[PDB]
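Notes follow the structure.
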Amino acid sequence: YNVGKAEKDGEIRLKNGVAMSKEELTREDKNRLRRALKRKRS
Amino acid sequence: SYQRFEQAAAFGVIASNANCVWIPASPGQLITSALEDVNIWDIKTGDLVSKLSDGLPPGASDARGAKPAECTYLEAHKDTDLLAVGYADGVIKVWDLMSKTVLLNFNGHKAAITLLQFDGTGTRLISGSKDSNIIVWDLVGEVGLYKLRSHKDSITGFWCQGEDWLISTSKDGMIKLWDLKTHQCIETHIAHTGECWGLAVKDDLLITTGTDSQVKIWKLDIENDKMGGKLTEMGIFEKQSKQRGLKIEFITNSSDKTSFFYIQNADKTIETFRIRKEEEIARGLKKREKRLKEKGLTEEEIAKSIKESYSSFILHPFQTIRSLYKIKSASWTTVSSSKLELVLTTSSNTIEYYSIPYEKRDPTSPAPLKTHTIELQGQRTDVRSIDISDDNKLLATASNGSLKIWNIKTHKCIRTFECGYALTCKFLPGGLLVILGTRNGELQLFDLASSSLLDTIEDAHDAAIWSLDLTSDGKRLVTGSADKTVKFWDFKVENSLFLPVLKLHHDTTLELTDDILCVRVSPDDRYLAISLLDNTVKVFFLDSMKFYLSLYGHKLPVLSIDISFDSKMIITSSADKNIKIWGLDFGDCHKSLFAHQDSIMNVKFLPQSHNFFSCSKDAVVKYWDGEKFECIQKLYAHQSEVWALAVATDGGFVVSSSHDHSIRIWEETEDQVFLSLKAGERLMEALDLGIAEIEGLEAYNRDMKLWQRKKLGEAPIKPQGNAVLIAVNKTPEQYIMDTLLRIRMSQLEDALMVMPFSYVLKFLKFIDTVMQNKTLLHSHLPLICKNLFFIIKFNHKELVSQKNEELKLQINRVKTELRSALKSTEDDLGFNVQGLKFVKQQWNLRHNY
Amino acid sequence: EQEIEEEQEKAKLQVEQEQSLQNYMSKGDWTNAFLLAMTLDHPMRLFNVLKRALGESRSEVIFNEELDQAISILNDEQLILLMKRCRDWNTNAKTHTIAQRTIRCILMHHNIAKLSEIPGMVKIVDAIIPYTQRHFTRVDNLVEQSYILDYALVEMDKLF
RNA sequence: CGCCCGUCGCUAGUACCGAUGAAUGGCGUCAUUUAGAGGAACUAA
RNA sequence: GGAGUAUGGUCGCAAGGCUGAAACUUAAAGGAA
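This is the structure:
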């Protein structure tokens, strides 16, 4: 088993194993993960 | 050296884009927002008592490059004579009304201020903005105490009484009660589906208007400790207007103790409703009970009907105030037993005072009466053209519905004439007559002395007269219109049947293939430049109407044409963001300037020079040098797109009229422009601090034990906590744990290696103190094991050589606690492995062949 | 109409549930926070509740007793969701303690037979087992390394 | 071993401001839509 | 005659440039990027 991307669209899953949701995320946190995913896509 | 241009005036705006606060008389005075500045108006005289301006005039050297922020909210405190002004950038300014200076300046908001509210003491100011934050400001210390940030959209309204609770309604359709003790939202409800625009709270009654016609009624029960009991939805009722309602406000008559509230609407209507008294509501409930008994419905059905109609029991529709213009803001100004009085500032630049006479049941008059109006010193509709008179002492601004002649020096309105949709206006020589051209094709000539129209030509053109110009003597007129013709009129005086009256008679017509937008006669009357919708400008000799040149190279139509005094240079400015400077000797183009981000509406040369002003939809007025074709000065005082521009004959001042209903004067000034620690060292210092604190506390506890056992002598004093530990609010165990976590994995071996043996012993004491805490030990169990085992392996020989009974006991305790925790985790892992293997084995055994 | 009203009721109930969970996690109440977290599917809130409940559990019951009783209450779809969460946390080495504790609570308070015929359970179990074995090997090695303290005590005793 | 951070720009969506206005409907008037834009915001990517 | 080279002769065709965009360093669009 290898931790990959979450099947639910709202759910965000990381390689760390920490799962996190767009509903529970704050707006600044959403900005932070969007930029981090931008650098990982880079 | 080029002379500086600075704004010297701003007139023509009464109230624009912010709420009005009423100041009671010593009908009172009304404070309104006039774009970047604040006006105070006396209602009974209709005169400006005072104007509050922020600072240096725009266009100055130290002025910012961006446009000024308009006043977006006003809130005045009468006890301290203060007024909070919330601008569009986020700046909150506190002006004392007597001294008219900015006492306090706050910049905490990234967007425009939507609502401001003082507390009763006058020491805190609560500010809700577009950036979905509510900030409480302490006026005593000029700081921000706390910020409230769970809203997803702009704060439409809020209510805060006491230091404990707040209620906020936003555009995301959602209402929240806020505990200010913990700065956190306690209850969150969805008020309306799309937006929650208006909030008003009265005792235990809460009224919210959303995007629809329906209005929601809520009960506020703060003392109810149950979750969800703070705000409850009683019922809904429907106001008539389908538009959404921005502002609700209650007011109570002092004598009768009744309460009336108003719901503003986006439309021209303001709905005033009355709450019935408690005894009246009880009587209505008894009457409805009698009606239900007559109907014969079931008690549960009667209860459902009562719950449905309970919104109609509290409120009854009292009246509706209607105005000629869309309403921007309103205020309950005063309440007597005979009348309810309301002030409303409209969209199209008016202030209106309304009174409602009533007799405690219904209003006496069918419609509220408009008593006073402040509509004299302003324009209802945006100015399409301006003209400075020949003496440079008078100004004439023409718009849809009114032509107003202003005095420039005393900054007010000398005269007002009624007219049609005025696209262009001009002064006859002498400053006595004003000539107008309407969108209907009509051409009206106004007289200043007689204060009435002299000559009206209804069929001067079939389509809109887009532009108009006179010759130098003023005897001849050239009108360019959208009927694809340019008509020449001649002014001649005819004696009355015996005073001479001027009359305009049609001499000649030039029919072009397309529409004529602008027409300019050169100052020496030799050239006549005619714009077209073919994106070209023709130039005719004024004598003989010989066609000299056709200037082309504009992508979009030329909106303004202007000719220098020596007639060697012509400027065409068009809607493709270009100002093209042509020479009239041959028709070559000297220069093309990409000037603004949107269309240049007007361009005017300065008299006796080749410099020129440009006026655009970017709300920027740009002064240009046509000697080296470069921008000299950039003027940013206008908020929205600027329609008309005029220049004095002396060149001292340049007047601009814009969409923001504001007329400004730019005057020449005397001034002139010219074109650390390593990892491991932090561990040792943390060990020093933490172990010192731990040993001091343990010695203090031993001293208390000894003194309590002795029951004699002075009690020892507790040592003061270390300042870093108190400031960070961390126990020394957690502090040294955080330093170990901050140390990275690569540097960790070198850190533990570089600590000496005394720090090794302090590390062992720290480890023992951590073993005393079961939560932290299990939270950081593998890290503690790795660090301790490396320390013991590195310093094994010296540690063995040490002969300390206390050190032996410490190692025994640390060993027992490590093995207990590690075998607890080991037992958990082994139990789970065998259980899950059993589960998989049972499933395989069931589903195997 | 009625369906739109039902959707609006669902949205309002969702808003009230989110606010109630935020109040619960503000003031403690780990059983209520856990129940709302499982219904709302918030894995960060769920993990924080479980790890801090284990935090006061460090100071037979695996967690707080009513939290364990709630985990006994949970139905099969919540069991599948929770075991997916525990599997993902078990992949990590730091967060594997909470996963082992929760799996042990499930095993102690549930029926093994119904745990077997829950569909898709054995894929999750097969994913969980090798990481538990790796963690057991690592912790067992740590217990083995812990005997350097016995060696130090023996040498100190023979010295003095 | 177990999430490097911040600003701005870009894109989508929703509601607002007021001009061109235009079209349509009801009685020039009034109401509802829609378009060329611009202006200033919040969310989502 | 078959097949093929060379040609500082004659004659014709060329080849070159981001386009709008020149008398304008000039707009929206693109073209590339």
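Protein chains in written order, with my numbering: chain A, 1 to 42; chain B, 43 to 891; chain C, 892 to 1051. Backbone N, C-alpha and C fix where the C-beta goes; we use that ideal spot for every residue, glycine too.
Check, Outcome
"Proximity test, Cβ basis, 8 Å: C/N914 and chain A", "no"
"Distance between C/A1043 and B/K845 (C-alpha atoms, nearest Å)", "12 Å"
"Per-residue burial, B/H632 [other beta carbons within 10 Å of its own, 16 or more giving buried]", "exposed"
"Partner residues on chain C for B/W260, Cβ-Cβ distance less than 9 Å", "Under the 9 Å cutoff, chain C gives no residues; its nearest Cβ is about 14 Å from B/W260."
"Identity of the residues DSSP links to B/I736 by a beta bridge", "In DSSP, B/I736 forms no bridge with anything."
"Contact under 8 Å by Cβ, B/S592 with B/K580", "yes"
"Inter-residue spacing [alpha-carbon to alpha-carbon] between B/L273 and B/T413", "40 Å"
"Cutoff 8 Å: C/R943 Cβ touching any chain A Cβ", "no"
"In DSSP terms, what B/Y395 is bridged to", "B/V385"
"Contact residues within the stretch 17–36 of chain A, judged by C-beta distance below 9 Å to chain C", "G17, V18, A19, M20, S21, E23, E24 and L25"
"Spatial distance of residue 3 of chain B from B/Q650 (CA atoms)", "An answer regarding residue 3 of chain B cannot be provided, because it is not within the stretch 43 to 891 covered by chain B."
"Own chain partners of C/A928 with C-beta closer than 7 Å, once the 5 adjacent residues on each side are dropped", "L912, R936, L937 and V940"
"Nearest-angstrom Cα separation, counted from B/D515 out to B/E553", "25 Å"
"Beta-carbon proximity list for C/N955, same chain, < 8 Å, skipping 5 on both sides", "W921, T922, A944, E947 and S948"
"Contact check, B/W448 vs B/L465, beta carbons under 8 Å", "no"
"Limits of the beta strand (DSSP E) - the one that B/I785 falls within", "Run containing B/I785: none; DSSP gives neither H nor E here."
"Spatially closest choice to B/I312 from B/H231, B/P599, B/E394 and B/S380, by CA coordinates", "B/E394"
"C-beta neighbour in chain C for residue 895 of chain B, strict 8 Å", "Any answer about residue 895 of chain B is impossible in this case: the structure gives chain B only from 43 up to 891."
"Under the three-state DSSP convention, the category C/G1011 falls into", "coil"
"Test: C/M974 CB closer than 8 Å to a CB of chain B", "no"
"is_contact[B/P824, chain C] using C-beta, thresh 8 Å", "yes"
"Whole-angstrom C-beta distance between B/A502 and B/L485, which should lie under 8 Å", "4 Å"
"Between the CA atoms of B/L725 and B/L719 - distance to the nearest angstrom", "10 Å"
"Rounded separation between C/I962 and B/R286 - CA only", "48 Å"
"Buried/exposed call for B/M611, threshold 16 Cβ in 10 Å", "buried"
"Limits of the alpha helix (DSSP H) - the one that B/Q883 falls within", "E847 to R888"
"Length at least 4, wholly inside the stretch 914–973 of chain C: the alpha helix (DSSP H) runs in chain order", "921–931, 934–949 and 956–964"
"Contact residues within the stretch 900–913 of chain C, judged by C-beta distance below 7 Å to chain B", "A902, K903, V906, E907, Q910 and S911"
"Cβ pair B/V385, B/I293 closer than 8 Å", "no"
"CB contact below 8 Å: B/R888 versus chain C", "yes"
"Same chain, Cβ closer than 7 Å to B/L190, neighbours up to 5 away in sequence not counted", "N175, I176, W220 and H225"
"Residue closest to B/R166, alpha-carbon to alpha-carbon, out of B/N886, B/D745, B/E117 and B/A153", "B/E117"
"Classification of B/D566 by the beta-carbon crowding that lies within 10 angstroms, buried from 16 upward", "exposed"
"Stretch pair the stretch 811–819 of chain B + the stretch 849–860 of chain B: three plus CB contacts closer than 8 Å", "yes"
"Own chain residues within Cβ distance below 6 Å of residue 899 of chain B, not counting five before or after", "No answer is possible for residue 899 of chain B: it lies beyond the span of chain B, which begins at 43 and ends at 891."
"Given B/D692 as reference, the closest of B/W64, B/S431 and B/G270 once Cα atoms are compared", "B/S431"
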